[PDB]
Amino acid sequence: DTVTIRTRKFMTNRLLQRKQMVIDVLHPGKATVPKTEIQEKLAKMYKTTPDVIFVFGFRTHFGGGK
RNA sequence: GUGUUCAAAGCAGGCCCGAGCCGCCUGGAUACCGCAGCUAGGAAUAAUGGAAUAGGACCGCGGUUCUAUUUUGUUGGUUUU
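cryo-EM is the method the PDB entry lists for this structure, together with a resolution of 6.30 Å.

The following block contains the structure:
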């Protein structure tokens, strides 16, 4: 809910042939909607079939929210 | 520098764009160096120098003499400055 992947510091990694960015998602009261959702959500942002979108990170911010 | 939610701390960090911003962006300072040395300014202070039965400055020079090598095209010879 109210997810909004905020692609901060987007890096067209040309020598690793990829889109490289920081995922920064928002929440009402429950942090960290699941990773493969975020893949599928970052899929439809970029239309890139998200099983090539290999995400990680995803630590839950205190107070839900982000 | 830096909101680690304060803090112990870290070296961080911050954005806009919907997510084509295909990115933009701060940064990660400065302080310390036993000595000995080095460096170069000082020359007080503390030591420190000389002319004494004369020495120091002036090409004062003098006469002697050693020898060093440039030119005499060159070398060789000697000769000198």
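A few words now on the environment of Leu16. Residue position: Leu16 is located in the loop between β1 (8-13) and β2 (18-22). Given the relative accessible area of 44%, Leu16 is considered partly exposed.

If you walk through the whole model with that rule in mind, you get one salt bridge. In this structure, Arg8 engages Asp24 in a salt bridge whose closest nitrogen and oxygen atoms are separated by 3.8 Å. Remark: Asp24 occurs in the loop between β2 and α1 (35-46) and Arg8 occurs in strand β1; sequence separation between them is 16 residues. Given the relative accessible area of 45%, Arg8 is considered partly exposed.

Thresholds applied
Residues numbered from 1 in each chain as written, not as in the entry; some residues may be left out. Chains lettered and ligands numbered in written order. Part of a larger assembly, values for the part shown. Heavy atoms only, no water. Helix = DSSP H or I, 4+ residues; strand = E, 2+ residues; numbered from the N terminus. Buried < 20%, exposed > 50% of the residue type's maximum accessible area, 1.4 Å probe, protein only. Salt bridge = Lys/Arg side-chain N within 4 Å of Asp/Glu carboxyl O.

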